[PDB]
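Step one of this worksheet: look at the structure below.
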Amino acid sequence: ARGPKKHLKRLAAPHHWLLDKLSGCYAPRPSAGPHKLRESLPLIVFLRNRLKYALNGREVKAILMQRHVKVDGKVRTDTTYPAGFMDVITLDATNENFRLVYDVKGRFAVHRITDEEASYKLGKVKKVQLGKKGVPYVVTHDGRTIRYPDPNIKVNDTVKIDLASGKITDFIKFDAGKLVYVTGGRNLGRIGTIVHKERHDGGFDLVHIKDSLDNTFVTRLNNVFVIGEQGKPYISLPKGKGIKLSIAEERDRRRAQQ
Amino acid sequence: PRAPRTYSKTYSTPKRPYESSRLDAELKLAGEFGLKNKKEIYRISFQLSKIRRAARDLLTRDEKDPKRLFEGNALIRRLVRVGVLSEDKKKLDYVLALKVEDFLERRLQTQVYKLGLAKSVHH
Amino acid sequence: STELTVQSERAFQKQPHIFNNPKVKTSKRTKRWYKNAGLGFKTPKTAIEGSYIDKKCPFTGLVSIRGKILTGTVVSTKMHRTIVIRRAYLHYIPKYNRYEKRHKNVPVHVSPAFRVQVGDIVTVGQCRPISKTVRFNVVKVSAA
Amino acid sequence: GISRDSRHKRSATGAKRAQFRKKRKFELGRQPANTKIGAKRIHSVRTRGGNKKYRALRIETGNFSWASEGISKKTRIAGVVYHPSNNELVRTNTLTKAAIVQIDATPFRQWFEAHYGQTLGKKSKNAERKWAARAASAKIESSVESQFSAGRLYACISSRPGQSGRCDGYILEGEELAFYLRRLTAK
RNA sequence: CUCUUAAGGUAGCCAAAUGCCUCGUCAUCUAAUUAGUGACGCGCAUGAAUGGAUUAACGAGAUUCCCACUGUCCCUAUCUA
RNA sequence: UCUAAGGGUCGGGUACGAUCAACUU
RNA sequence: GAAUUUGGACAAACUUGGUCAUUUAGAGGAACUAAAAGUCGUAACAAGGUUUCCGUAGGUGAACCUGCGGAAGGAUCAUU
RNA sequence: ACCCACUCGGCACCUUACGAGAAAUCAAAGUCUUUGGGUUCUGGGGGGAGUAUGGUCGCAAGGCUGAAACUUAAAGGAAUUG
RNA sequence: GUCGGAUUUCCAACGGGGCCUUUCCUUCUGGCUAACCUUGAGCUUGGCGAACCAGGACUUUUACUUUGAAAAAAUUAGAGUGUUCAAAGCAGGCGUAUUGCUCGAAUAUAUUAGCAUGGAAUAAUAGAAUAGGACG
RNA sequence: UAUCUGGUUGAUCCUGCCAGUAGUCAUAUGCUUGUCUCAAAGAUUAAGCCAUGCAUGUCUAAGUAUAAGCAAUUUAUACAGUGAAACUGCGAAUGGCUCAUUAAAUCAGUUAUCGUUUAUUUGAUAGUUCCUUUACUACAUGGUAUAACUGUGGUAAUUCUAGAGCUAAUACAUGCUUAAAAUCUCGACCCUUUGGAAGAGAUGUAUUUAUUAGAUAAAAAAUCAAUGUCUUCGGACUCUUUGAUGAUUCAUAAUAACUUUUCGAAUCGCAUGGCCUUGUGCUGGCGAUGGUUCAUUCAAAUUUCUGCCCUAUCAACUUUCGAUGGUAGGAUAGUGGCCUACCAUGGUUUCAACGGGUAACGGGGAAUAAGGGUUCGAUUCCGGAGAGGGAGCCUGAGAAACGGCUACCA
Ligand SMILES: [Mg+2]
Ligand SMILES: [Mg+2]
Ligand SMILES: [Mg+2]
Ligand SMILES: [Mg+2]
Ligand SMILES: [Mg+2]
Ligand SMILES: [Mg+2]
Ligand SMILES: [Mg+2]
Ligand SMILES: [Mg+2]
Ligand SMILES: [Mg+2]
Ligand SMILES: [Mg+2]
Ligand SMILES: [Mg+2]
Ligand SMILES: [Mg+2]
Ligand SMILES: [Mg+2]
Ligand SMILES: [Mg+2]
Ligand SMILES: [Mg+2]
Ligand SMILES: [Mg+2]
Ligand SMILES: [Mg+2]
Ligand SMILES: [Mg+2]
Ligand SMILES: [Mg+2]
Ligand SMILES: [Mg+2]
Ligand SMILES: [Mg+2]
Ligand SMILES: [Mg+2]
Ligand SMILES: [Mg+2]
Ligand SMILES: [Mg+2]
Ligand SMILES: [Mg+2]
Ligand SMILES: [Mg+2]
């Protein structure tokens, strides 16, 4: 009321941050940034609660004011900068590179990537229309705009961005039989080799999807991210590859080693 | 404003106040387990009940239901692990008929007596 | 309908930004603008070769059908360019394990391209608020 | 002040809605400008999100487009002559959108002679070669020639002076012109 | 219970235009009320076509209070024919 | 100082136009 | 460019009425419940000493009585 | 018009209790804890009370609709023995 | 057939799918032409489009029920785990503890309404009767 | 953990209620009280009234310091060290608290914005502005005022302020500085038919109006109006450029103009480098702040379908002066009877409208439960509303703000 809210209570933050209900009334409210608040890492959560690299928010604040942490190759000193899907976190100390990829469980899992891998990223194209002076542009899922794109790029494809220049090297067309990554939804964090899609004019287009173990699931079109042609993807998949093991037999795998 | 602290009572009272039958029996239970009051028995009755409420839930479900198999083995794993349930009885129907005191048998003060070294339960 | 003797209001009735130029001569003396509403609804022949204006018409006006698509039976057509339809449904009362009849009145704007009567079963499409209470627009007539 | 909410006037069933939610600024209105003619005076309005809005009063002149020739010029206004909404606006010579006005028609007359050169109402060879090419088009209509004799053209204000501070429009032609002339001359 | 009539005033109604005592008693209206109204009823001497009890409407009928208004008054003064 | 409404009479091969005059609101 | 000012809409608030709702006084009248070994009867329960009850109307200290029509919950399941 | 046999509908009746019920008793008052054919109306301890008030109908008598305060642990039904 | 864990040719049951028994239970512009009468010497040159696609005129309407997607977190049910037990909490656990390794923080419920999908029994609607009925 | 028991009679079997029985993130209270962990808490009546004290301020390398501040840099004579006050820029619209109002209202789930505003974050994004645009002219950069401060004073007092004298900018107000190219309008002449010219102007973005494009299932011929690029004037003829959505008058572009005219950097820190005709000559890095527009993010506004407690001793309500709809306009950030003018007579209801009550904020949820249910939800999260009652409004992207203002009542 009367204007935007600026706090975030605990028990309101998105559940995939794994924030314990006790230990403080409030939670870090992500600032405006390249990604939606609801699906957002922000760094005070990443550095302190996931990597255990800092014990308080004040040490997390100290690390950022050394210009060490850089997201997508830019410093981003802000403590609540919303880190989103498939941003690359590079730390000069320990020469460690991270990518934000949802685990099989739908949480932002710690995922170390090779230094060569941290040299590009993928973004799902959300809209492609003409800008001023008749200059076509695209919009990726992280708000990045790219002028003068390949005309063959259409909505729902994905593009490979250099991350040093705002340019694109490659794009994967959206077709049945392409490897995808479900972002958002009850099947969040699964990889599934599109089988087909339905039109359903009037909105909310669905797509059917089946993983390697021949398990079929369907999610909405906005919740699908093509990650390259079938077989090899263009990014290093985390451990597990999003298979969604049932609770029944996962324990046996858990009890396999002990 | 802080997250509310979950709490729950660990005991339930019997419906009818004065049974000669129930009054005698529970008093016997404290006799050979050295329990201070009736609350140490009501708790075991309450613990056993929420065991059966879950145990009854699984049985009425279809056999080979993924819920029953996973959870059913989970319950008998814990009951066996403590020692309340004998190893030879793992059918999830032998949980339904366990006993009142099998939990009281695995209490430390009882087990210390069993493992010598006390020569009386009140010791 | 009766073509409502189109030029009747105080202000001249015309389709906005649809200019006919008198310097040249050709067929189709008065240019007419129309569109297809999508969702499979067809543009009726009357709208194409009519003479009405009805700037709220979903085929020749400045309104767009988006959102819910409904269906009901016309119960009162005493308005002007508007009708009220009745939508019946059974509301399930959980305690008694059975249903009860209910109904609602949805005042919908009816285009001049359509002719409707009491008892006609019509489908309507949602659009931006047309009047104090009109939010749907007659888009297909299924009975006569 | 003037509020555009609807938690006032009655619900559809005729029931009266009780008071709720003391007036909000994002549901306001303001008062009409009622832009008159002459002695230009425009006041600025600070609207939502900044977005300055210009409120015309006592405006002088405007930009009117003669649609057929694809041109526009700056001309004056003689007065309001017909208003579909409220006849009271006519008597006070009040400028609103779609209020039929008479404009000065002076620049149009010289432009027509500059462009066509044949005649209206009633030197170097570089000129008439254009005129020879720009021929067969000096027969615009017989109902606008008669207006040029008096030097006033029936124009319609197609702009919102209350919002943009400007009175722009077009010159009535063809069917639209014949619609208002019969309304004007009826007696 | 008694004496006694042709029969012993019923339903109603009342200090009423009928109530002597009386300026009856209680309440209300009032600063203050022999006035008014509502109640009461052993009613000198109410009461049934001697018509009884009520009654909307109507009244140059009798009475009481209130608002508006006012030289009726406080308290007189001036003007015209 | 204006405005709206309220009429008569004449007119198409087998919707409109012209003329006149009312006090009522 | 201040004081001041014309007109407009928003409009608090007051005064005077009106309406509705809730509390509440009141001479007097008329009910209902309770206690107390009050006074008068004895209408009901037995064929309750005139069988009982219903509707209606009238009357009488009071329970009630009387007419007309009903019912049996009757004091008859019954007269080839 | 009678007699015999049969049938459709009605007014009833006689014996039985497989069944029902608290029981008197019921061929429906059965097919209801082995509880569901469709449907309308009514009831929720006894008094206050079918009262007050308000509507509405009536010439009136009165009808229909209809409380609350308060007070109480029993009122009641069917049979048994006296 | 390995020493209580699974395979095969199996006698059965349980439930699906395809074809035929008069059983179109809609289709064109073009692609894969596909499953290809395609056969080239026992792996070869060419069969009919949804088995996958853009637009097609049409398109009987419901109710129901299955599956699926959404239904904040806390709370409820509940998996794991030493808070000394427990109420709790989401921790921790293992190393030669010198340089470190590593699992978790599941799952379910979530009336009714809305959306997509399969069934078409049950309960309703309509169609070709002074035939503008369908094929042509 | 699918359980009942005492009370109508001399006794019996029923109807039926009274009593007991058990629980309560349901309160109070009585008697008693040793330990550990955990934790509600002036909500219920009074959304009654409040002494006092706190609860909103804020700086870096990076806007402005002659403190007549503090110490010494000493690399500095203008400054560059720290740094009160004050200007400027942000914030004070969050949080916190309460639950009075509120019964299709809020709210929950689900849609829409092809119906709008959005500070901020993130990503992109101005060669077109010497206006008679060859001396108008500063572009190695252009004016004004004021605070802080010095001094004089008033008042009993307020976070009161007057007059006088100074001084700054990322305060305020102005203001030029860079290529072309092409296009279209005008338009000197040869003079002519097939006609081209010298020369000039305009051509950013922003606002407003108008007009044009924003196609796109299939193949061939007839002669025309005249060739139409080049001709072997026979005609080979193609390139003919065109994005998205279910859908648009969409995106975007083109022509004509309009504007009282927006924006298009007179700003700051750090490191100082290369080029020579070594002149304070020409170029050069890393940042900070601001800035038009588009997109994203944080939002907001409005909006769809369905869903709410007791009431008929509430059966008709709405339309005087908006009730339901049409047209036009004004207003708004935008749709809309939101408002106004004209016109029509509509709109809801026995499927319960309207009116009344609520010891009613809605939900997520809570207690008790065999299954079904009943009752509660002021209160740890989400949503709304309020700041003693009403009303209006300034600043701002955002308030109908009240630890802002104005007025009225108390
Ligand atoms: Mg933040
Ligand atoms: Mg007696
Ligand atoms: Mg006696
Ligand atoms: Mg009797
Ligand atoms: Mg009886
Ligand atoms: Mg008979
Ligand atoms: Mg009861
Ligand atoms: Mg009762
Ligand atoms: Mg008896
Ligand atoms: Mg359905
Ligand atoms: Mg049915
Ligand atoms: Mg009894
Ligand atoms: Mg007795
Ligand atoms: Mg007894
Ligand atoms: Mg009780
Ligand atoms: Mg708040
Ligand atoms: Mg930015
Ligand atoms: Mg309108
Ligand atoms: Mg409008
Ligand atoms: Mg309340
Ligand atoms: Mg409350
Ligand atoms: Mg809250
Ligand atoms: Mg407020
Ligand atoms: Mg207060
Ligand atoms: Mg306020
Ligand atoms: Mg305060």
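Here's how to read the names in the structure tokens: chain A, B, ... by the order shown, residue numbers from 1 in each chain, ligand numbers from 1 in the order shown.
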Check: Within 12 Å of ligand 7, counting only C-alpha atoms (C1' of nucleotides) and all ligand atoms: which residues, as JSON, numbers by chain?
Finding: {"H": [43, 44, 45], "J": [15, 16, 17]}
Item checked: Selection within 12 Å of ligand 14 by only C-alpha atoms (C1' of nucleotides) and all ligand atoms, output as a VMD selection string -> chain J and resid 7 to 11
How would the residues just picked look written out with C-alpha atoms (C1' of nucleotides) as a PDB file, in the first residue's frame?
```
ATOM      1  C1'   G J   7     -32.692 -39.245  38.135  1.00  0.00           C
ATOM      2  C1'   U J   8     -40.060 -39.871  36.375  1.00  0.00           C
ATOM      3  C1'   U J   9     -43.074 -45.906  39.502  1.00  0.00           C
ATOM      4  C1'   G J  10     -44.933 -50.597  44.180  1.00  0.00           C
ATOM      5  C1'   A J  11     -42.247 -52.869  40.337  1.00  0.00           C
TER       6        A J  11
END
```
Next item on the list: For ligand 10, collect every residue having any atom at a distance of at most 12 Å from a ligand atom (counting only C-alpha atoms (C1' of nucleotides) and all ligand atoms); output as an MDAnalysis selection string.
Entry: (chainID C and resid 89:90) or (chainID I and resid 62:65 113:116)
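Counting only C-alpha atoms (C1' of nucleotides), every residue of chain J that comes within 6 Å of chain D is listed here: residues 209, 210, 211, 256, 257, 258, 318, 328, 329, 330, 331, 332, 333, 338, 341, 348, 397 and 400 of chain J.
The list of chain F residues within 12 Å of chain D is residues 1, 2, 3 and 4 of chain F; this uses only C-alpha atoms (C1' of nucleotides).
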Notebook entry, point to check: So how far away is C1' of residue 251 (chain J) from CA of residue 131 (chain A), in Å?
Noted result: 7.5 Å
Notebook entry, point to check: Mind checking DSSP for chain D and telling me the helix (DSSP H, G or I) residues as a PyMOL selection string?
Noted result: chain D and resi 25-27+87-91+106-115+125-133+142-150+161-164+174-185
Next item on the list: One decimal, Å: what's the distance from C1' of residue 130 (chain J) over to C1' of residue 178 (chain J), could you say?
Entry: 12.7 Å
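Where the distance criterion is 7 Å and the atoms used are only C-alpha atoms (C1' of nucleotides) and all ligand atoms, the residues close to ligand 1 are residues 6, 28, 29, 30, 31 and 80 of chain A.
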Restricting it to N, CA, C and O atoms, dump the selection as a compact mmCIF listing (two decimals), in the first residue's frame.
```
# COMPACT_ATOMS: atom_id res chain seq x y z
N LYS A 6 9.73 -3.24 1.06
CA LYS A 6 11.18 -3.31 1.07
C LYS A 6 11.76 -4.33 2.02
O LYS A 6 12.99 -4.45 2.08
N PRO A 28 16.65 -11.96 3.32
CA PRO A 28 17.17 -10.96 2.38
C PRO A 28 16.21 -10.77 1.23
O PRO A 28 15.95 -11.70 0.47
N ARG A 29 15.69 -9.57 1.08
CA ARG A 29 14.77 -9.33 -0.01
C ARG A 29 15.55 -8.96 -1.25
O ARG A 29 16.24 -7.94 -1.26
N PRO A 30 15.49 -9.76 -2.31
CA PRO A 30 16.31 -9.48 -3.48
C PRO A 30 15.97 -8.13 -4.07
O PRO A 30 14.81 -7.73 -4.11
N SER A 31 16.99 -7.42 -4.52
CA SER A 31 16.73 -6.16 -5.19
C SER A 31 16.26 -6.42 -6.61
O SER A 31 16.18 -7.56 -7.07
N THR A 80 22.48 -8.33 -2.13
CA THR A 80 21.22 -8.99 -2.46
C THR A 80 20.97 -8.99 -3.97
O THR A 80 19.82 -8.97 -4.41
```
Notebook entry, point to check: Just how far from CA of residue 15 (chain A) is CA of residue 242 (chain A), in Å to one decimal?
Noted result: 19.1 Å
Next item on the list: Would you list the contacts of residue 36 (chain C) as a ChimeraX atom specification, taking every protein, DNA or RNA residue within 10 Å and counting only C-alpha atoms (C1' of nucleotides), but skipping same-chain residues closer than 5 positions in sequence?
Entry: /C:41-44,58-60,64 /J:246-248
Next item on the list: Return as a PyMOL selection string every polymer residue, whether protein, DNA or RNA, with at least one atom no more than 10 Å from an atom of ligand 9; count only C-alpha atoms (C1' of nucleotides) and all ligand atoms.
Entry: chain H and resi 76-79
Would you mind listing what lies within 7 Å of residue 297 (chain J) as a PDB file with N, CA, C and O atoms (P, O5', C5', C4', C3', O3' and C1' of nucleotides), in the first residue's frame, with only C-alpha atoms (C1' of nucleotides) counted and same-chain residues fewer than 4 positions away left out?
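Contents of the output file out-v9.pdb:
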```pdb
ATOM      1  N   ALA A  32      15.917  -5.351  -7.309  1.00  0.00           N
ATOM      2  CA  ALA A  32      15.620  -5.483  -8.722  1.00  0.00           C
ATOM      3  C   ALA A  32      16.876  -5.912  -9.459  1.00  0.00           C
ATOM      4  O   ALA A  32      17.983  -5.494  -9.119  1.00  0.00           O
ATOM      5  N   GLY A  33      16.709  -6.757 -10.466  1.00  0.00           N
ATOM      6  CA  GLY A  33      17.841  -7.293 -11.175  1.00  0.00           C
ATOM      7  C   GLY A  33      17.452  -8.016 -12.442  1.00  0.00           C
ATOM      8  O   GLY A  33      16.377  -7.807 -13.003  1.00  0.00           O
ATOM      9  N   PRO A  34      18.342  -8.872 -12.930  1.00  0.00           N
ATOM     10  CA  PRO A  34      18.058  -9.588 -14.173  1.00  0.00           C
ATOM     11  C   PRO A  34      17.054 -10.711 -14.028  1.00  0.00           C
ATOM     12  O   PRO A  34      16.614 -11.243 -15.051  1.00  0.00           O
ATOM     13  N   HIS A  35      16.682 -11.108 -12.814  1.00  0.00           N
ATOM     14  CA  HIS A  35      15.837 -12.276 -12.622  1.00  0.00           C
ATOM     15  C   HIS A  35      14.685 -11.997 -11.677  1.00  0.00           C
ATOM     16  O   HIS A  35      14.765 -11.128 -10.808  1.00  0.00           O
ATOM     17  N   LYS A  36      13.629 -12.784 -11.843  1.00  0.00           N
ATOM     18  CA  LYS A  36      12.450 -12.681 -11.004  1.00  0.00           C
ATOM     19  C   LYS A  36      12.821 -12.928  -9.549  1.00  0.00           C
ATOM     20  O   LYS A  36      13.700 -13.731  -9.237  1.00  0.00           O
TER      21      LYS A  36
ATOM     22  P     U J 121      19.347   2.449 -10.233  1.00  0.00           P
ATOM     23  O5'   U J 121      19.435   0.872 -10.373  1.00  0.00           O
ATOM     24  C5'   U J 121      19.605   0.067  -9.221  1.00  0.00           C
ATOM     25  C4'   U J 121      19.450  -1.392  -9.548  1.00  0.00           C
ATOM     26  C3'   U J 121      20.136  -1.866 -10.811  1.00  0.00           C
ATOM     27  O3'   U J 121      21.519  -2.088 -10.631  1.00  0.00           O
ATOM     28  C1'   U J 121      17.953  -2.744 -10.715  1.00  0.00           C
TER      29        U J 121
END
```
